[PDB]
Protein chains: 2
Amino acid sequence: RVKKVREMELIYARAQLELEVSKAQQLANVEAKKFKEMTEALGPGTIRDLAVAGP
Amino acid sequence: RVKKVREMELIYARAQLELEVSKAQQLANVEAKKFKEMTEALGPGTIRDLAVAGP
């Protein structure tokens, strides 16, 4: 009785893991690509000057 | 009984994942393209001067 429930929940958890990792995966690809476009929009020296804007 | 429900919810979650990642995807492409046009409108040195406007 319990082993079938444990086995069934096991394969569900494996696929639920694929749901979780894909959520982390794609939400980070867009997070990284947006950062790619954000920092490319400004410029290498420009972002450095903006971050170190202080005398 | 449970396995069919778990399997059915699994494929729904897979497609719901595609809904979530597409939402993150396209909302970031517009976020990045708008930033592309925003920083291109000002200029490379101009944005640096605006961000480091301090003596």
# chains A, B, ... in the order shown; residues from 1 in each chain; ligands from 1
$ residues_around --residues "stretch 15-17 of chain B" --least-positions-apart "3" --cutoff "9 Å" --atoms "only C-alpha atoms" --output "list in words"
residues 19, 22 and 23 of chain A; 10, 11, 12, 20, 21 and 22 of chain B
$ interface_residues --of "chain B" --to "chain A" --cutoff "9 Å" --atoms "only C-alpha atoms" --output "ChimeraX atom specification"
/B:2-3,6-7,10,13-14,17,20-22,24-26,28-29,31-33,35-40,43-45,47-55
